[PDB]
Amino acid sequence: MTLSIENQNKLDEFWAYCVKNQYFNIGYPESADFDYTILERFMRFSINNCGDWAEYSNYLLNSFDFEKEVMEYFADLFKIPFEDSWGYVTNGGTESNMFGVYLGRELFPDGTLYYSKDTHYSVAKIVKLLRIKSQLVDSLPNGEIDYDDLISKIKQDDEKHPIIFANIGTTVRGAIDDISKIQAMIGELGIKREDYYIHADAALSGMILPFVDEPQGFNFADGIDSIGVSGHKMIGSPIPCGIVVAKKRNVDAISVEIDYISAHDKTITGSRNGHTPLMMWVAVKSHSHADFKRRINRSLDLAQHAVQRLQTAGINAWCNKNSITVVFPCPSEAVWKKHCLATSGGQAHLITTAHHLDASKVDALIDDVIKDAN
């Protein structure tokens, strides 16, 4: 057989729909200014990065030496010597975060996982999947974790080994949980650093903060144990993917052997995407530190523009420090559909993703928020 006429039509219509909507995104963190055209040809091959990219595989069609270099870039970016690091290119921020929490769970099998009300909905999936003890913590108006509530809940639960789910760039508000304060305050309770775990969900901001003048704490020199990043968010990718980076010591200290059945490796999947490593590899070797910094200055300037524009009219719009997420009150159903917006907590936002080369699509969105605030 070959594709019927009806089914070639369906694909060809979808092409036109994609071409039409290629740059629709104003409301979500996925940046659409990427060109991986030189990699399309590799869709000829059954590539499979099953297993650890640091070990041999008889499945010859793999991109391990590309994955190795991506993990070198991220180890350097996040200030962990490569040889002390462990991680891999995953199927997304969720898998990365799932790995981080799993590692924490295996180090502290009775530790409570603490997470703010502004934590990404994916954490409900991770908590149910992993059968991990969890405790909701309050949020500041900001979207940052209520530090005082966190410490008060830790003391109350008499928790010896807290597992901190640290939001580095909240979905709704672009808040960054202060890990310097969290560690000082837990220290002040007489819990030693070696006796607890901090995982950074940096899905979006993990590829913002390294390119900014005054970064909050987010990396290994700032005391995190593991971090997750979404490849399709700030960098841009046709296919969702993630990076997870953890401490080799932590990954070695855990044992994924069952009665009679081993896993040869510490990965949390089987067969792995070998194309998203190539894609994350061309992204990271075709952009310098200075190029990434320009993209992020443009995204920040544009967020600033959007705040002023809404502030100069009668709208309470605000943006956290080093954020490209601009928050304003939820407008009517007509507006949040027409512009394809994430809405929540009587707030909506827009995100100055790098495919906004100019301020026009943003400006059109604001004007419609103003018209609707009358």
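Throughout, we count residues from 1 along the sequence that is shown.
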| property | result |
| --- | --- |
| Segment of higher mean CA temperature factor, 355-363 or 9-17 | 355-363 |
| Mean temperature factor over C-alpha atoms, higher-scoring stretch between 183-191 and 197-205 | 183-191 |
| Peak C-alpha temperature factor (PDB record), options 74, 108, 147, 211 | 211 |
| Residue, from 239, 243, 130, 261, that the PDB entry assigns the highest Cα B-factor | 261 |
| Chain-relative CA temperature factor third for residue 222 | middle |
| Lowest, middle or highest third - CA B-factor, residue 256 | highest |
| Entry-reported Cα temperature factor of residue 103, expressed as the chain third it lands in | middle |
| Ranked against its chain, the third holding the CA B-factor of residue 314 | highest |
| Chain thirds of CA B-factor: placement of residue 346 | highest |
